[PDB]
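The lines below spell out each chain.
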There are 6 protein chains.
Amino acid sequence: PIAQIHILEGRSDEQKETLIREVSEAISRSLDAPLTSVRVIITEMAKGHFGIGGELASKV
Amino acid sequence: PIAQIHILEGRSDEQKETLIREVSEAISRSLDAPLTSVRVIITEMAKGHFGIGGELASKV
Amino acid sequence: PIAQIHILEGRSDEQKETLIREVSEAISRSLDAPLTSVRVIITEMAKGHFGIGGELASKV
Amino acid sequence: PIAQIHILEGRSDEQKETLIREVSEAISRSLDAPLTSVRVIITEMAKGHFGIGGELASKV
Amino acid sequence: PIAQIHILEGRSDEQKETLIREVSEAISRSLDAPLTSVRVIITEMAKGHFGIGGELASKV
Amino acid sequence: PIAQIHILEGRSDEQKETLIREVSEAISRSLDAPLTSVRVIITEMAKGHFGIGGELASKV
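Residues numbered from 1 in each chain as written, not as in the entry; some residues may be left out. Chains lettered and ligands numbered in written order. Heavy atoms only, no water.

J.: Can you help me understand the interface of chain A and chain D in this one?
T.: A common way to express how large an interface is: the accessible area buried when the components associate. The interface is formed by 19 residues belonging to chain A together with 19 residues belonging to chain D. Here chain A packs against chain D, burying approximately 1800 Å² in sum over the two surfaces, 61% of which is carbon and sulfur. On inspection of chain A and its partner chain D, the count reaches two salt bridges. Where chain A touches chain D, the interface holds nine residue pairs in polar contact. Those elements giving two or more residues to the side of chain A that touches chain D turn out to be β1 (2–8) and α1 (13–31) of chain A. If one sorts the elements of the side of chain A that touches chain D by residue count, α1 of chain A sits on top with ten residues. Among the residues making up the side of chain A that touches chain D, the classes are represented as eleven nonpolar, five polar and three charged. (Contact = heavy atoms within 4.5 Å. Buried area = accessible area lost by both parts, 1.4 Å probe. Salt bridge = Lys/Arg side-chain N within 4 Å of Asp/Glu carboxyl O. Polar contact = N/O pair within 3.5 Å; in protein donor to acceptor, adjacent residues only side chain to side chain. Helix = DSSP H or I, 4+ residues; strand = E, 2+ residues; numbered from the N terminus. Nonpolar A, V, L, I, M, F, W, Y, C, P; charged D, E, K, R; others polar.)

J.: Explain the relation of the copies chain A and chain D to me, please; I cannot follow it from the model alone.
T.: The two chain copies are related to each other by a rotation about an axis together with a translation along it. In screw terms, the move from chain A to chain D is a rotation of 180° and a rise of 0.0 Å along the axis, fitting with an RMSD of 0.0 Å. Taken together, the rotation angle and the small translation identify this as a two-fold axis. Counting the interface residues of chain A, we find that 100% of their copies in chain D are interface residues as well, pointing to one common contact surface. (Least-squares fit on C-alpha atoms.)

J.: What am I meant to see in the pairing of strand β1 (residues 2–8) of chain D here?
T.: Within a regular strand, the side chains alternate between the two sheet faces. Residue and element names in this part refer to chain D. Within β1, six of the seven residues are buried, leaving the element largely enclosed by the surrounding structure. In this sheet, strand β2 (residues 39–45) lies alongside β1 in parallel orientation, the contact comprising seven bridges. Of the residues in β2, the one forming a bridge with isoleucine 7 is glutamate 44. (Buried < 20%, exposed > 50% of the residue type's maximum accessible area, 1.4 Å probe, protein only. Pairing = 2+ DSSP bridges.)

J.: I would appreciate a short explanation of the sheet that holds strand β1 (residues 2–8) of chain F in the present structure.
T.: Paired through backbone hydrogen bonds, the strands of a sheet run either parallel or antiparallel to each other. Spatially, the eight strands line up as an open sheet ordered β4(B)-β3(B)-β2(F)-β1(F)-β1(E)-β2(E)-β3(D)-β4(D), and their pairing is mixed. Only two strands of the sheet have a single neighbouring strand rather than two, namely β4 (55–56) of chain B together with β4 (55–56) of chain D. Across the sheet, helix α1 (residues 13–31) of chain E touches β3 (50–52) and β4 of chain D, β1 (2–8) and β2 (39–45) of chain E together with β1 of chain F, and the angle it forms with β2 of chain E is around 135°. (Axes fitted to C-alpha atoms, helices over the stretch in contact; angles between N-to-C directions.)

J.: Looking at this model, I keep getting lost on helix α1 (residues 13–31) of chain B. Mind explaining?
T.: At 3.6 residues per turn, the α-helix brings residues three or four places apart onto the same side. All names here are of chain B. In this model α1 runs 27 Å from its N-terminal to its C-terminal C-alpha over 19 residues, within 8% of the 27 Å that 1.5 Å per residue would give. The complete set of buried residues in α1 reads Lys16, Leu19, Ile20, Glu22, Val23, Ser24, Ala26, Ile27, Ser28, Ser30 and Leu31. Of the residues flanking the end of α1, it is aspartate 32, one or two places downstream, whose phi is positive at about 60°. (Expected span 1.5 Å × (residues − 1).)

J.: Explain the UniProt feature "active site" in chain A here, please?
T.: Following the UniProt record, one finds the feature "active site" at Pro1 of chain A. As for its placement among the helices and strands, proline 1 of chain A is situated in the segment before β1. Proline 1 of chain A has contacts with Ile27, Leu31, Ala33, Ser37, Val38 and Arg39 of chain A together with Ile5, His6 and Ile7 of chain D, leaving out every residue within four places of it along the chain. (UniProt positions renumbered as here; feature names shortened; annotations may be inferred.)

J.: Where do I start with the environment of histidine 6 of chain C in this structure?
T.: Take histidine 6 of chain C: it is sitting in strand β1 (residues 2–8). Spatially, the C-alpha atom of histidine 6 of chain C lies 15 Å from that of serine 24 of chain C, the residues being 18 residues apart in sequence. Ignoring any residue separated from it by four or fewer positions in sequence, one finds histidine 6 of chain C in contact with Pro1 and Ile2 of chain B, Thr43 and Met45 of chain C together with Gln4 and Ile41 of chain D.

Here it is in structure tokens:
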């Protein structure tokens, strides 16, 4: 499987490392797929590039 | 709904703010969906990362 | 610009047609970009393929 | 956060339900983010639409 | 590398097979990357789901 | 067609230029589509944002 995760910028390298690990395990375990077949892409969004309800997520 | 918009880098924060607003309204109005259910992601492309017809968009 | 919109399945062709139009206008007007430069992709999600808070959107 | 997962077609509804749950928990726990802020999109690929090394995944 | 290609529905399985091959070779050769490291995803769009300039691609 | 290519950061501008060209030609030739109808987006991933088997690609 291939996962792309969009998260707001601001997290530590460590947190992102954990995220990649935990999500990979969750996917592998969920589908009974080899862990090595799981590929994860993290894409960070600048606070001014994410909107919710037409408002910058940063201010809502 | 969830919208991801790919635009070439170079726009002001303001223009991007407007973009997020107008697009969210257009989506909400178009589908009769609550505005708060609309999430927008803007992804900027470096001029050297967008091609059209095999040529850098920057030079075509 | 290039926009990809993820929406739950269930809308009429007409509504999707409107969505494509309104969103294209909103983008063109927002960035002062030629309308013809706006490309829109609609991607529908089966009700069982969209989760919110770990629950199928269909039941939350 | 917003996650999009690309998986080959063939899994049961149940497996996909589990996937959405486990992945949402993994993301929430990994980033200390409210579970309700996690949105997951599953996108299935037809066996003839996924290539690895230039070969259809189906035959490699 | 990971490539996702959005194309309008209507092509034969064969054409899509070729597409996956040629694109994989082009990527591998372009970056001097092992062919086996190239993964390709083809995503087809229904004619009513692709807009250009606010009009359905089908009618423009 | 519209192609989005995810590659790890580190390549020269030149290599990316070539990539855009070769991939565009491969797509145009593969589908017998006008070269000018091919649009390519390159998205670079920071080494700490790409995971394989739950491990940072950088260290596997």
